[PDB]
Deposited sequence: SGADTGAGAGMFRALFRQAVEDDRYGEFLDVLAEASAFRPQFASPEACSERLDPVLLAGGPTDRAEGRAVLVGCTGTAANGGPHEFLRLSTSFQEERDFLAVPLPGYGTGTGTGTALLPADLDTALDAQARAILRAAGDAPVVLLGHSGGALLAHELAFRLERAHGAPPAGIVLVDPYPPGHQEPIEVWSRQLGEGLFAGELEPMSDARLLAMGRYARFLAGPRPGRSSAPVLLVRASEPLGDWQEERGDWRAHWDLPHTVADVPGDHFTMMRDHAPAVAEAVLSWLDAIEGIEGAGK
């Protein structure tokens, strides 16, 4: 077992990361899947990683971390960032359906989003919700926001997109594909399972498909300040992008280190924005 990981490693060495992700997406279609949010084969209950002031237990929006697609990710994704919200805001990390190796994969993105929506609404209660995601997780946070609005009549109070690269601005992901792939292998707490690599490929494909809806929630765009890899100035702007953001905040670090070594800066931008 583990052939997908082996092929993956080779693809990165050969600078064919993008091509391999397509293969993962195609292969993933043959994994058992759940067609109903209710038929989800796993507990999506968010985990409380930080607690806000017990004092003003009034309305106050709660932060919900939308786990990204990285096959090397999981419950550890928001550990560093969340510490900065302790005594400031409750922070709930919600799992992405299909990971954690017999977990069923979602038949389509909306089905996975509904499963998450239900777990989130139950956990948040009457508190307003502000979704937060990084990279693939940022793209998922927005899709989730729109779903909550249209299928659960509950649009979040806001969306925090950390370093998103939406369709239309994928040149940096293409140019730095090798670093994005190496970054995945680096920082892996354990070897990525083929099941999780398949899940990653499936979500990547979901995010590339027709996604009409735009959330009415205000968005905070948090951008890395340093390029992940070499970039020829003539190509244009390598920085992350979102169309018509409510606020834009720049933080130190690159696509990866902005969260790894400068999470406090990210948290700081979020808190100041929430107050406003």
*Which regions of the deposited sequence are unaccounted for in the modelled residues, listed N- to C-terminal?*
1-8, 109-113, 290-298
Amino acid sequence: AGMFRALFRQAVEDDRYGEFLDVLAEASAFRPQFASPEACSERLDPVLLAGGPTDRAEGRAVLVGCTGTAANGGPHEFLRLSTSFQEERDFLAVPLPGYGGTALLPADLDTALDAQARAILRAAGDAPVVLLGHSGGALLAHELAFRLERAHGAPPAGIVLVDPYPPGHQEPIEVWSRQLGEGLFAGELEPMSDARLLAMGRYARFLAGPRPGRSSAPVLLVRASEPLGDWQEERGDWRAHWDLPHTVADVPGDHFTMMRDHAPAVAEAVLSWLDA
From here on, numbers count along this sequence of modelled residues.
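Rigid core (definition): largest C-alpha set, two forms, superposition within 1.5 Å.
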*Core-superposed in 5 other deposited structures of this protein, which stretch deviates more in Cα positions, 168-176 or 188-196?*
188-196
*asked:* Where both flanking residues are modelled in the other PDB entries compared, is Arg43 itself missing in a third or more?
replied: no
*Do a third or more of the other compared PDB entries fail to give coordinates for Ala57?*
yes
*77-85 set against 180-188, stretch whose average Cα temperature factor tops the other in the entry*: 180-188
_Using only C-alpha atoms and the B-factors in the entry, which stretch averages higher, 220-228 or 55-63?_
55-63
*Can you tell me which of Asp250, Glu234, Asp243, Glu26 has the highest Cα temperature factor in the record?*
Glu234
*If you compare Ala141, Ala93, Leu109, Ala103, which has the highest Cα B-factor in the entry?*
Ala103
*Check where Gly125 lands among this chain's C-alpha B-factors and tell me if it's the lowest, middle or highest third.*
highest
_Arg196, C-alpha B-factor rank within chain (lowest, middle or highest third)_ = middle
_Which third, lowest, middle or highest, does the C-alpha temperature factor of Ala267 belong to within its own chain?_
lowest
_Chain thirds of CA B-factor: placement of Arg202_ = lowest
*Considering only modelled residues of the same chain, in which third does the CA B-factor of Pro155 rank: lowest, middle or highest?*
highest
